[PDB]
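In structure tokens, the next block holds one chain alone, the form deposited in one PDB entry.
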């Protein structure tokens, strides 16, 4: 069909990889993944196009509620769809959207002299010119939009939208018309030869081979004989391992490292001993190697796609049996594991077992006791599953069967425990499947919070068709915001060969489940394409002429029909609720920094003042660490708000979209501390002492009694960013990467470095900010110590969630970020949070750290 042909080509251009490329690999695993996930996603699409109108609002416009939500007078402007006539009426912040709706309908029934057929139940309230709605049984104050409006002071502008208008949205966005355990001999392989090997001729080539189950060795590593350096080395030798074939676990991976010696790392390659269909692999394998930068268990189990240039090791998996051998079914495993003597020892060991299960590495005796008392772990200490899993001998078929028997009847664990279990330290497929089962209870807001880390876990996966991929696919198809960000997280890494096939396959499947959103996403990709072209021009022009010259030329380029069409009328990749309507060419510019980032401004008549939004397009820098930093600061703000603490944070959007490409949300009405401190003449802020400048700027933006609120907003945000930077080890902080909103809110930009990269980042307190907290007065202990009280409260809240930060940072090790590549980087978080201490101990350690930062600050106060 011609419709099927166009969608296939639109998916090809969207994901940046031709679908013909999947067919050309002729791999049954890819073929089975494509068929099964296409069928799964098309089923979700069929379920969706029949949702009820409120359920469809829940899919397309998921509610944006305050972390607290999951009295005071309020003024709201309401209009009915299309009609310019609006009504401004006074409601309460504790009133429900329904009372606001009944209120709007009585007005409409009086202005147009008619009794209305419609009940307030037939409507939803759209936030003007935004893909955002207020509905459900929540007070208005609980909504992020109203909450935002209350804190700024602006009047909420809403539109009454009927059930028929949303059902038409549902309808118009529709998809088109239609045995192993007897094998006791040692595992061995023949190392045949190597191809296209590049190394110094004076050296010899060595091939190191290891058997792993995640990070753990299953036996000793074995090395081949040393053979002279040349293009095609020949070994033709048998490498025998210290593990029987029966003892190989399901997720065992054979890892190879090729290097040179007189060590000179050349390349590495890994493969799974069992295939996607549970069969024990046999015959020849050509391993297209990845060039090193020595065994890499965490590395991908798929070969290098660049067959032309990659080094290629040829190996032979021996035929251990005349007929094919598959991993035993769960039915056999449980039968073997059903047999085991129950641990029945004294009260002495019970107190000793309690001590370590509630407690980090264990001793040989501590491990043996946990294993012996495994039945008691299931029944009395279920949350110690991860401890029990780490002591299990994964190199023993009998021990694995006994662990798996307990797991299959293990109670579901909290979301926090499940997050720990997705770590590469837990590579078992049944463990992985258990971890997902416990994560099904995640809310969409919680899933959204951890989506970034979940997408990184996909890089650990041994097969394409996996439980985590199906989970993410199902949830993405069930929530448009989830769908939007899952797409971008994957799309932004299509330039990385190790993930391009897996990510491309997930994105294709998603597109099969939502034809309309694929087109919505293509419109975003067309804008990004133009921004790249425009940014390339600016980069060249900025080196050949003056700034007004490049800016005027940039404008001419944007004003072209092609650019005006592509850059306007799209959902924002930073936030699909944000609609970027009319590009305001005259307000567009570029920044003076290395990559000359573009500064793009938008307007929307329908949204009014809220439709005025900016995006920064930046090309040449990996923005993944910046996004992780901002997402961690956003989590801090959520955890603080859950404890009733609002530190007036600015968690602006940051999204990588391509190879060293991404967008940054513009926070309007904000300026850098560096600019304010330049202390320009002929301005309201013009100071007598440079220390007076921020406060003078604050005064000019906040006249009269508004100044008290601005100092408080500054104080709160300062406390939050001081704690955020200290906990995350955010260094290289100066007046040009610190910004201030006209409300007084302090926020940080461009997170180039974190986790103290390795020098331990000290707590930072700077006099000019102490000067605003203290209201300009030289001595204001009342104000300063109230700030120290805000810092201390924010710190102890993060500590109570110390394990959530460690589990998320652990899953992030999969991302491949230079400042997050091992255990040293995580030790920074463990140290900054002081989780190996008591609250009184860590608080005193924080107070000593803060006091040390006040003493360093006081060196500037002496002058």
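Numbering follows the first chain given and starts at 1. Rigid core: the largest C-alpha set superposing within 1.5 Å between the two forms.
- Coverage remark for residue 70: absent from the model in at least one third of the other entries compared whose chains are built on both sides.
- Among the other PDB entries of this protein that were compared and that flank it with modelled residues, residue 704 is modelled in all, so it is never left out in a third of them.
- Per the record, residue 262 and residue 263 are separated by a gap of 10 or more residues from the deposited sequence that were not modelled.
- Counting the unmodelled positions of the deposited sequence between residue 737 and residue 738 gives zero.
- The stretch 108-116 shows the higher mean C-alpha B-factor when 108-116 is compared against 557-565 in the entry.
- Of the two segments examined, 799-807 and 830-838, it is 830-838 that shows the higher average Cα temperature factor in the deposited entry.
- Out of 329, 289, 476, 506, the entry records its largest CA B-factor for 329.
- Between the residues 526, 347, 665, 621, the entry's highest C-alpha temperature factor is the one at 347.
- Sorting the modelled residues of the chain by their CA temperature factor places residue 12 in the lowest third.
- For residue 335, the recorded CA B-factor ranks within the highest third of the chain. Only modelled residues enter the ranking.
- Ranked by Cα temperature factor within the chain, residue 160 sits in the lowest third according to the deposited record.
- Among the modelled residues of its chain, residue 517 has a C-alpha B-factor that falls in the lowest third, as given in the PDB entry.
- Residue 825: CA B factor lies in the highest third for its chain, per the PDB record.
Not pictured, yet referred to below: the form deposited in another entry.
- Just one residue from the list 153, 644, 703, 283 crosses the 2 Å line for C-alpha shift between this form and the one not shown on a rigid core fit, and it is 153.
- With a cut-off of 2 Å and the rigid core superposed, residue 84 has a Cα displacement that reaches or exceeds the cut-off between this form and the one not shown.
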